[PDB]
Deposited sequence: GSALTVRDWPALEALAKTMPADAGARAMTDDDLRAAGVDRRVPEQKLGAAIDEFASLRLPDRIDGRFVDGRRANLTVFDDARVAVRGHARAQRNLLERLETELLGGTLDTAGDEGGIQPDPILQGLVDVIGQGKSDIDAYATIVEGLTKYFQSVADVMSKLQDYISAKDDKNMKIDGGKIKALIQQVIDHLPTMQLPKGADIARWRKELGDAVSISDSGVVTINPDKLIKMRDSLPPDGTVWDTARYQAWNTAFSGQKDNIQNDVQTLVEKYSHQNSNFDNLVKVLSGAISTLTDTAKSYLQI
């Protein structure tokens, strides 16, 4: 089976991967209000639909993979036969797992992008060179994002141990197979805000902006890493499909 054979079969990994990249790019472009030469410079909000598109592509791709895997299996139904079946089962578990994990991480990514944009309504210029920040109102919004974080359930019978090493630090896994998003960075961000009505001079605000934006950047690295892992799974799937597709031709 060739790369184009895969595509004709409806499986094109470039699609979801490009979309996830576009969402990461949308995230990176987000920028808090600042002052350049005493001139208050508005920030950049985010297009939230970019994240919705990523999520639909991830779900779409998963369905396409399951379709192929299933038709490949049905037409392959001995040692070789048993081994291939045990591999097909593993392949399916990984398809459902990553799709689930990636969709949840995307919702999380989308929500942070939301506070990043909304929060800008509470940051304005006061004096000729002073910044007014309503930390309380922003703090409340970050707390909301924390409260409603998405939760992802792994497929039945999944090596919780292996997935823990796989997913990394940004995430955690329950013995019940529930993968959660670490609120570590959102907490640091929330704990950095000042009370409402706070007015900071340029230097002071820039200090906070640097730290805050630093955490935002950390969230982006987490997602980016996970995305790279997801895309590596898509590659592993294409290989599985190619091998068992050859086995089918060999056994015929």
*Given the full deposited sequence, which segments carry no C-alpha coordinates?*
1 to 27, 105 to 119, 295 to 303
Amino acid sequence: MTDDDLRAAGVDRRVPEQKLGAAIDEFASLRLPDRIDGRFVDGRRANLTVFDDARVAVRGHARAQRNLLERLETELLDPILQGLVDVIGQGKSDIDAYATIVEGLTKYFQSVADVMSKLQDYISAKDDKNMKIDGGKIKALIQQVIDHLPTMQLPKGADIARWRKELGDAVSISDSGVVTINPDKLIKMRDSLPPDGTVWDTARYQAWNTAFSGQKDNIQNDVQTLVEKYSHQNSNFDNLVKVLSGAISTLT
From here on, numbers count along this sequence of modelled residues.
*Mean C-alpha B factor from the entry: is it higher for 108 to 116 or for 131 to 139?*
131 to 139
*Look up the CA B-factors in the entry and say which stretch, 64 to 72 or 221 to 229, has the higher mean.*
64 to 72
*In this PDB entry, which of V145, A97, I173, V85 has the top CA B-factor?*
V85
_Largest Cα B-factor, entry values, listed residues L186, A28, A211, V41_ = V41
*asked:* For the chain shown, is the CA B-factor of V50 in the lowest, middle or highest third of its modelled residues?
replied: lowest
*Among all modelled residues of this chain, ranked by Cα B factor, put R59 in the bottom, middle or top third, i.e. lowest, middle or highest.*
lowest
*Record-listed C-alpha B factor of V178: chain third*: lowest
*Cα B factor band for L167 (lowest, middle or highest third within the chain)*: middle
*Which third of the chain holds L244 when residues are ordered by C-alpha B factor: lowest, middle or highest?*
highest
